[PDB]
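Peer 1: As you go down the protein sequences, you meet chains A and B in turn. All letters in the first sequence, in the order written, are residues -2 to 180, 182 to 200, 209 to 251 by the entry's author numbering. All letters in the second sequence, in the order written, are residues 3 to 80, 82 to 146, 152 to 204, 206 to 253 by the entry's author numbering. We put the beta carbon where it would ideally sit given N, CA and C, even for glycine.
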Amino acid sequence: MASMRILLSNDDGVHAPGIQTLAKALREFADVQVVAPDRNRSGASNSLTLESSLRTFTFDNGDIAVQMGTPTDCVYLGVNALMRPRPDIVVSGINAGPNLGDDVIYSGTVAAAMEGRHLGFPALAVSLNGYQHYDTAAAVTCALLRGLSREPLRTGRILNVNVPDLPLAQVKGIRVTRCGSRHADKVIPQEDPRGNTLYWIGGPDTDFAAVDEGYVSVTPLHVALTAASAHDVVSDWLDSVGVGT
Amino acid sequence: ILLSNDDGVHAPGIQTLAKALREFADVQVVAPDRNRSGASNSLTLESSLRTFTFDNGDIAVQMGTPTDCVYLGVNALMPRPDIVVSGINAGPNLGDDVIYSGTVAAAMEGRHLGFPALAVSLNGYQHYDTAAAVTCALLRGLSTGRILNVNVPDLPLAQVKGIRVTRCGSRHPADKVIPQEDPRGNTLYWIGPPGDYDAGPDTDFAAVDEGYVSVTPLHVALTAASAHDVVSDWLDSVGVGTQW
Ligand SMILES: [Mg+2]
Ligand SMILES: [Mg+2]
């Protein structure tokens, strides 16, 4: 029953209908602090903005927008400075458009969640497979948060949630999925004065399939980029050709 | 060699590397037509990407991503390269940022396509020669399915101490959040170390602090660590589809 501290961010910026819908739904049963970008960051790199002062705007309701802040900037500032006591969880969304595939790491929605993966509860990244039923997506997120406060799930990770763009009553249920994959298939030029020649035009368990079949898709993600297997197969490769003239 | 980057075909880091590498190896430059450090690094999956070709051979993909430059370079524009390299970046690529880095991304498209790949970055602004020298030394190797991720101190080559096989950190422990004001009184926040330290003994972060070339074997993480049943059981135990 008790009040969970939620850091809410996104990719689409403080004004987006997705984050503002979710925030209203969440403020009914949780303490919500919005720290989001000052603009829509679709197509924009994610990174922590280091050693460069970030200006902070405060809205009437207390939402805060970070001037030129990436989704990771917002999460970093929210976790370490802007939400006191420190948030229990980071929620990122609701994003306008899906976040499916192995390409999700390059998305700002996932990136914000990823930045909040070390908190008390695993981070949620929430995307709507469209632009209409934010209500459905906000409902699915609430169910998830209630569940986490009931029986906690292991931290250090994120759940990537994709919600079909459907009325709540038409959603068939929730599946635990794994990410899909979309991609040599390059084509030919067609410029009117032939300005250039070199051109391009570039599973039953995948997240794509569950969403297409009308289900909420939940993919558990973690970041691990090193093998102890690689660490010394290049270390003995380095000490092979050491210092010498 | 296919040489690309994140900061553009005219970038100092890539030009200094392409010149130093043209000593030992043959290089084909395919890089974005503009600085992309602020742009997303995914492939542009369903559009027609124009290319520009300079007198020296260099190719610039118009509005290209760093991965686009590797994909479009290999399977459409360039004999097949021996090693795909991602030019000397202006600025570090340390810890969590490697997931987000355009420089790292370009190397990643390389090994997905099935090539050896190198990504290199300068922790500063001045000593591209130092970084080029380090890369040339490294490329001079016996001439893993993982990319090396290399970070170089911004020092004259003679001031550089060693070379460390490192792993990635998350975020630097020394990087704190420091509240500030501007002359207008606006509230501002500054992320980073107030001076000097305390980094993980084996991390990419640590090496650079101590004047050492960080080299990390790398592969991006979209895995679950087979934690699919852990969550599957969690949705059954707690009512998540109940209230509808
Ligand atoms: Mg977005
Ligand atoms: Mg760059």
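(1) Can you pull the chain A neighbours of B:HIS237, defined as C-beta to C-beta under 8 Å?
(2) Going along chain A, which residues have a C-beta under 7 Å from B:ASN194?
(3) Does any residue of chain B have a CB that is nearer than 8 Å to the CB of A:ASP8?
(4) Where does A:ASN159 sit, in a helix, a strand or coil, going by DSSP?
(5) Where in the stretch 133 to 158 of chain A do unbroken runs of the alpha helix (DSSP H), each at least 4 residues long, occur, reported from the N-terminal end onward?
(6) Which of the three DSSP states, helix, strand or coil, is assigned to A:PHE118?
(7) Considering Cα atoms alone, identify which of A:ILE199, A:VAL239, A:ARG38 is closest to A:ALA13.
(8) Using a cut-off of 9 Å between C-beta atoms, extract the partners of A:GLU148 located in chain B.
(9) Compare the beta carbon distance of A:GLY75 and A:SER6 with 8 Å and say whether it is the shorter of the two.
(10) Based on DSSP bridge pairs, tell me the residues matched to B:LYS184.
(11) What residue does the beta strand (DSSP E) around A:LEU51 start on, and which one ends it?
(12) Should B:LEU47 be flagged as near chain A, meaning a C-beta pair shorter than 8 Å?
(13) Out of B:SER241, B:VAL222, B:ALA216, B:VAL32, state which residue places its alpha-carbon closest to the alpha-carbon of A:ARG151.
(14) Is it the case that the Cβ atoms of B:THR195 and B:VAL160 are separated by a distance below 8 Å?
(15) Cβ closer than 9 Å: which chain A residues qualify as neighbours of B:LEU156?
(16) Quick one: Cα of A:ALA20 to Cα of A:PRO68, how far?
(17) Should A:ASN159 be listed as close to ligand 1, given that the test is whether its C-beta is under 7 Å from any heavy atom?
(18) Rounded to a whole number of angstroms, what is the C-alpha to C-alpha distance between B:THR174 and A:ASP218?
(19) Where does B:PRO210 sit, in a helix, a strand or coil, going by DSSP?
(20) So, helix, strand or coil for B:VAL11, using DSSP?
(21) With a Cβ-Cβ cutoff of 8 Å, do B:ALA122 and B:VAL158 count as a contact?
(22) Could you say which of B:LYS184, B:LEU244, B:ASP204, B:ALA136 lies nearest to B:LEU23 if we only look at CA atoms?
(23) So, with DSSP's three-state summary, where would you put B:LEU244?
(24) CB-CB under 6 Å to A:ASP99, same chain, minus the five flanking residues each way: which ones, in chain order?
(25) What is the residue span of the beta strand (DSSP E) that B:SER89 lies within?
(26) Would you say B:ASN126 faces chain A, with C-beta separation under 8 Å as the test?
(27) Report the option in A:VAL87, A:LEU47, A:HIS237 whose CA atom is closest to the CA atom of B:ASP211.
(28) What are the boundary residues of the beta strand (DSSP E) that includes A:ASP60?
(29) Out of A:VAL222, A:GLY90, A:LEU165, point me to the one whose CA is closest to A:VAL31's CA.
(30) Apart from the five residues on each side of it in sequence, which residues of its chain come closer than 6 Å, Cβ to Cβ, to B:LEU227?
(31) What are the boundary residues of the alpha helix (DSSP H) that B:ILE171 is part of?
(32) How many Å lie between A:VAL247 and A:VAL239 at the Cα?
(33) Tell me whether A:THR18 sits in a helix, a strand or coil according to DSSP, three-state version.
(34) With A:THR225 as the anchor, note down where its beta strand (DSSP E) starts and where it stops.
(35) Could one say the Cβ of residue 260 of chain A lies closer than 8 Å to chain B's Cβ atoms, at least one of them?
(36) Going by C-alpha distance, which of A:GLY127, A:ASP85, A:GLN129, A:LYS184 is nearest B:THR46?
Peer 2: According to the data block:
(1) For the purposes of this step, residue 237 of chain B is identified with residue 228 of the second sequence, where counting begins at 1. Residues of chain A passing the Cβ test: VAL173, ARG175, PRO226.
(2) Indexing the second sequence from 1 puts residue 194 of chain B at position 186. Those within 7 Å of B:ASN194 in chain A are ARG52.
(3) By one-based count along the first sequence, residue 8 of chain A stands at place 11. So no, A:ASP8 is outside the interface.
(4) The residue given as residue 159 of chain A occupies position 162 in the first sequence. Three-state DSSP puts A:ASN159 in a strand.
(5) none
(6) As a working note, residue 118 of chain A is residue 121 in the first sequence. If DSSP states are grouped into helix, strand and coil, A:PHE118 belongs with coil.
(7) Here residue 13 of chain A corresponds to residue number 16 of the first sequence, with the count starting at 1. Residue A:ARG38 is the option with its Cα nearest to A:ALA13.
(8) Start at 1 with the first residue of the first sequence, and residue 148 of chain A comes out as number 151. Under the 9 Å cutoff, chain B gives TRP243, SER246, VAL247.
(9) Here residue 75 of chain A is taken as the residue at index 78 of the first sequence, counted from 1. Here residue 6 of chain A is taken as the residue at index 9 of the first sequence, counted from 1. Yes.
(10) As a working mapping, residue 184 of chain B is identified with position 176 in the second sequence. For B:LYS184, which the question treats as bridged, DSSP gives the partners B:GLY200.
(11) Position 54 of the first sequence, counting from 1, holds the residue named residue 51 of chain A. Its beta strand (DSSP E) spans residues 51 to 55.
(12) In the second sequence, counting from the first residue as 1, residue 47 of chain B sits at position 45. Yes, B:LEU47 counts as interfacial toward chain A.
(13) Working through the first sequence from its first residue, we reach residue 151 of chain A at position 154. When only C-alpha atoms are compared, the closest one is B:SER241.
(14) Here residue 195 of chain B is taken as the residue at index 187 of the second sequence, counted from 1. Here residue 160 of chain B is taken as the residue at index 152 of the second sequence, counted from 1. No, the pair does not count as a contact, with Cβ atoms beyond the cut-off.
(15) The residue given as residue 156 of chain B occupies position 148 in the second sequence. Correct list: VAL240.
(16) Here residue 20 of chain A refers to the residue found at position 23 of the first sequence. Here residue 68 of chain A refers to the residue found at position 71 of the first sequence. Approximately 16 Å, taken between the alpha carbons.
(17) What you label residue 159 of chain A is simply residue 162 of the first sequence in a count that begins at 1. False, no ligand heavy atom lies under 7 Å from that Cβ.
(18) Residue 174 of chain B sits at position 166 when you count from the first residue of the second sequence. Residue 218 of chain A sits at position 212 when you count from the first residue of the first sequence. Looking at the two C-alpha atoms, the distance is approximately 42 Å.
(19) Along the second sequence, one-based indexing puts residue 210 of chain B at 201. Coil.
(20) Taking the second sequence and counting its residues from 1, one reaches residue 11 of chain B at position 9. It is coil, neither helix nor strand.
(21) Working through the second sequence from its first residue, we reach residue 122 of chain B at position 119. Working through the second sequence from its first residue, we reach residue 158 of chain B at position 150. Yes; because the gap between Cβ atoms is below 8 Å, this pair is in contact.
(22) Numbered from its first residue, the second sequence carries residue 23 of chain B at position 21. With distances taken between Cα atoms, B:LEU23 lies closest to B:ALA136.
(23) Indexing the second sequence from 1 puts residue 244 of chain B at position 235. B:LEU244: helix per DSSP, three-state reduction.
(24) Residue 99 of chain A sits at position 102 when you count from the first residue of the first sequence. Contacts found: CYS176, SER178.
(25) Walking along the second sequence from the start, residue 89 of chain B turns up at place 86. Per DSSP, B:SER89 belongs to the beta strand (DSSP E) from 87 to 93.
(26) Sequence index remark: in the second sequence, residue 126 of chain B carries index 123 (1-based). No, B:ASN126 lies away from the interface with chain A (no Cβ there is under 8 Å from its Cβ).
(27) Counted from its first residue, the second sequence places residue 211 of chain B at position 202. Of A:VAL87, A:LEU47, A:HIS237, the residue nearest in Cα terms is A:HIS237.
(28) If you number the first sequence from 1, residue 60 of chain A lands on position 63. Unbroken run through A:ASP60: none, as it is neither H nor E.
(29) Indexing the first sequence from 1 puts residue 31 of chain A at position 34. Comparing Cα positions, the closest option is A:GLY90.
(30) For the purposes of this step, residue 227 of chain B is identified with residue 218 of the second sequence, where counting begins at 1. Result list for B:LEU227: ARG154, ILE155, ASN157, in chain order.
(31) Taking the first residue of the second sequence as position 1, residue 171 of chain B is located at position 163. Counting along the chain, B:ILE171 falls outside any alpha helix (DSSP H), though it belongs to the beta strand (DSSP E) covering 171 to 173.
(32) Here the question's residue 247 of chain A lines up with position 241 in the first sequence. Here the question's residue 239 of chain A lines up with position 233 in the first sequence. Looking at the two C-alpha atoms, the distance is approximately 13 Å.
(33) Residue 18 of chain A sits at position 21 when you count from the first residue of the first sequence. In this structure, A:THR18 counts as helix in the three-state DSSP scheme.
(34) Within the first sequence, residue 225 of chain A is the residue found at index 219, counting from 1. Element bounds for A:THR225: 221 to 227.
(35) This structure cannot speak to residue 260 of chain A, because chain A is shown only from -2 to 251.
(36) Translated into positions along the second sequence, residue 46 of chain B becomes position 44. The shortest C-alpha separation from B:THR46 is found at A:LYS184.
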